[PDB]
Amino acid sequence: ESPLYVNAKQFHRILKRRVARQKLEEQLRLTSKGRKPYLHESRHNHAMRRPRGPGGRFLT
Amino acid sequence: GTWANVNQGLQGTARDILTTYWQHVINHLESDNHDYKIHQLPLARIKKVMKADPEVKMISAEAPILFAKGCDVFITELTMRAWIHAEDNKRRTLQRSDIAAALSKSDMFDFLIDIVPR
Amino acid sequence: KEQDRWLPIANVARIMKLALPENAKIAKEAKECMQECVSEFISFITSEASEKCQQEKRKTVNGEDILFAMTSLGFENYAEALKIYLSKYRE
DNA sequence: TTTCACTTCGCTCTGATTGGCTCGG
DNA sequence: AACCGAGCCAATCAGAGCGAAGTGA
């Protein structure tokens, strides 16, 4: 469900942002890249190896 | 007028609470002894989001400072607006659909039509 | 750069947490959604300020340009509330 | 020529990132 | 019954902050 008329103060900037996000989508593919399970290998391996309690928590 | 967006699309108790929250924000922003090194959001990351636009060249330190504060108020009022819908459905967990429902109440949020499709 | 197109999720999720009751939980789904909304909020307002700066042949986006852009785009409450905040920063 | 207002550099130090388990929904 | 998934914990290290140096109008 898409309306023809949105906020009159925002409509023109919305169109320009659609163009701007399309150009970033073409060059970086970021709009469709998706989310990695984790950002950093070093911080992942850290979290994996860390001493854990019986409840799966990081230890005191 | 200027403050129409505070209460726009809200009913009963929600109206009073969001109005009181905005009066709390206004009182804070009007206060005389700010520490401009204390923010919930990092200034460098706000500045990087701005610089994602190739039309943007140079940015005054003022702009990320205003956004740090503005973004806090935005996240807070939208989360509070979204919570209404979780309470309506007798849920203790906020879901994506609660934010989507909240956006539909005020035309202030029309700029997010593509970010949270209807 | 993929992490750089948003503000850190922990910072966004903390502000959401403080906005809700003590017993409330937030779906990962909702934290990611809010993260995307906030980044569009910055980019949407910045784009408006940026185009006016290019038209007036000014290289630097400043605080006053952000406030003007907020008013233009129908965030009048944000611009008016942050106006006092900018003037106190500049003194 | 110096000044102004930003960027980029270099570096220090800090707080965001991170997953196995529980148990309410 | 079976399944799903968000809070819980805190140490590393990516990067946020900051002074110095670089840039140019």
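Heavy-atom basis, side chains included; hydrogens, waters and symmetry copies ignored. Numbered from 1 within each chain, the chains take letters A, B, ... in sequence-line order.
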Exercise for review: Please state whether the rings of C/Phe44 and C/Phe75 are parallel, tilted or perpendicular, taking 30° and 60° as the class boundaries.
Suggested key: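 The rings of C/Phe44 and C/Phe75 stand perpendicular, inter-plane angle above 60°.
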
Check your understanding: How are the rings of B/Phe74 and C/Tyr78 set to each other: parallel, tilted or perpendicular (split at 30° and 60°)?
Key ->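 Because their plane-to-plane angle lies in the 30° to 60° range, the rings of B/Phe74 and C/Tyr78 count as tilted.
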
**Study point:** Contact list for DNA chain E against residues 59-73 of chain B - heavy-atom distance below 4.0 Å
**Key:**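 Nothing qualifies; none.
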
Which part of the nucleic acid, if any, lies within reach of [X] when heavy atoms closer than 4.0 Å are counted: base, sugar-phosphate only, or nothing?
X       : result
A/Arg49 : nothing
B/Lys48 : sugar-phosphate
B/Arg92 : sugar-phosphate

Whole angstroms only, please: what is the [atom1]-[atom2] distance between [X] and [N]?
X       : N      : atom1 : atom2 : value
B/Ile38 : E/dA16 : CD1   : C1'   : 16 Å
A/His46 : E/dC9  : NE2   : P     : 16 Å
A/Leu39 : E/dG15 : CG    : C1'   : 12 Å
A/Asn45 : E/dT12 : CG    : P     : 14 Å
A/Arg43 : E/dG15 : CZ    : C1'   : 8 Å
C/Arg58 : E/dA25 : CZ    : P     : 17 Å
A/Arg57 : E/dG7  : CZ    : P     : 13 Å
B/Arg96 : E/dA6  : CZ    : P     : 14 Å

**Study point:** Flag, side chain of A/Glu25 to backbone of A/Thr31, donor-acceptor distance under 3.5 Å
**Key:**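 Side chain of A/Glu25 to backbone of A/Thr31: a pair is present.
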
Exercise for review: Keeping the roles fixed (side chain from C/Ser87, backbone from C/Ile84), state whether a donor-acceptor pair exists under 3.5 Å.
Suggested key: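 Flag set: sc C/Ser87 to bb C/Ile84 pair under 3.5 Å.
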
Review point. What about A/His40, does its side chain sit under 3.5 Å from the base of E/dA14 through a donor-acceptor pair?
Key: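 Absent.
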
Review point. Quick one: does A/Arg50 reach the base of E/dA10 with a side-chain donor-acceptor pair under 3.5 Å?
Key: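 Result: at least one qualifying N/O pair found.
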
Does the side chain of [X] pick up a donor-acceptor pair with the side chain of [Y] at under 3.5 Å?
X        : Y        : result
C/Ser50  : B/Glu55  : yes
C/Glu32  : C/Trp6   : no
B/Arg118 : B/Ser104 : no

Practice item. Report the pucker family of E/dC18 (north if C1'-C2'-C3'-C4' is positive, south if negative). Key: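 South (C2'-endo side).
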
Exercise for review: Sugar of D/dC21: specify north or south by the sign of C1'-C2'-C3'-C4'.
Suggested key: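 Taking the sign of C1'-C2'-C3'-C4' as the criterion, D/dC21 has a south sugar, on the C2'-endo side.
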
Check your understanding: Can you give the first and last nucleotides of DNA chain D, 5' to 3', that have an atom under 4.0 Å from a heavy atom of chain C?
Key ->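 Range of nucleotides touched by chain C: D/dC6 to D/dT17.
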
Point to revise | Of B/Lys57 and C/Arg14, the one whose closest DNA chain D nucleotide lies more 5' | key: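 Its nearest nucleotide lies further toward 5', so the answer is B/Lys57.
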
**Study point:** 5′-ward residue of the pair C/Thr60/A/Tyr38 relative to DNA chain D
**Key:**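 The residue closer to the strand's 5' end, by nearest nucleotide, is C/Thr60.
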
Check your understanding: Taking five pairs at each end, how big is the angle between the two axes of the helix from D/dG10-E/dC18 to D/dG25-E/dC3, to 10°?
Key ->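 About 60°, once rounded to a multiple of 10°.
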
Review point. Counting just side-chain N and O atoms, does B/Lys47 come under 4.0 Å of either OP1 or OP2 of E/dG17?
Key: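 No, no such contact exists.
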
**Study point:** Stack flag E/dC13/E/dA14 (5.5 Å, 30°)
**Key:**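 Yes: the six-membered rings of E/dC13 and E/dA14 sit under 5.5 Å apart with planes under 30°.
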
**Study point:** A/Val19 and its side chain to side chain contact (heavy atoms under 4.5 Å, CB included) partner, picked from A/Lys23, A/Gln22, A/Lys16
**Key:**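 That would be A/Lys23; it is the only one of A/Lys23, A/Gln22, A/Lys16 passing the side chain to side chain contact (heavy atoms under 4.5 Å, CB included) with A/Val19.
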
Review point. For the atom pair NZ (B/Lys48) and CD1 (C/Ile42), what is the distance rounded to the nearest 0.5 Å?
Key: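 Those atoms lie 13.0 Å apart.
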
Review point. Considering only E/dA6, E/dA16, E/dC13, which nucleotide approaches the side chain of B/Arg45 most closely?
Key: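 The answer is E/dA16, which lies nearest to the side chain.
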
**Study point:** Residue A/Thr60, side-chain heavy atoms: nucleotide from E/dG17, E/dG15, E/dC9 that is nearest
**Key:**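 Side chain of A/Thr60 sits closest to E/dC9.
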
Review point. Taking for each residue the nucleotide of DNA chain E with the nearest heavy atom, is it A/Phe58 or C/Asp4 whose nucleotide lies nearer the 5' end?
Key: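 Upstream on the strand: A/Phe58.
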
Point to revise | Closest-nucleotide 5' rank along DNA chain E - winner of C/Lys31 and B/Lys37 | key: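 Nearer the 5' end of the strand: C/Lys31.
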
Practice item. Answer with yes or no whether the hydrophobic clustering places B/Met80 together with B/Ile99; edges join I, L, V, M, F, W, Y residues whose side-chain heavy atoms lie under 4.5 Å apart. Key: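 They do share one cluster, since a chain of ILVMFWY contacts under 4.5 Å joins B/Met80 to B/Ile99.
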
Is the closest side-chain heavy-atom distance between [X] and [Y] below 4.5 Å?
X       : Y       : result
B/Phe67 : C/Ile45 : yes
B/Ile46 : B/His39 : no
B/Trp3  : B/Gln23 : no

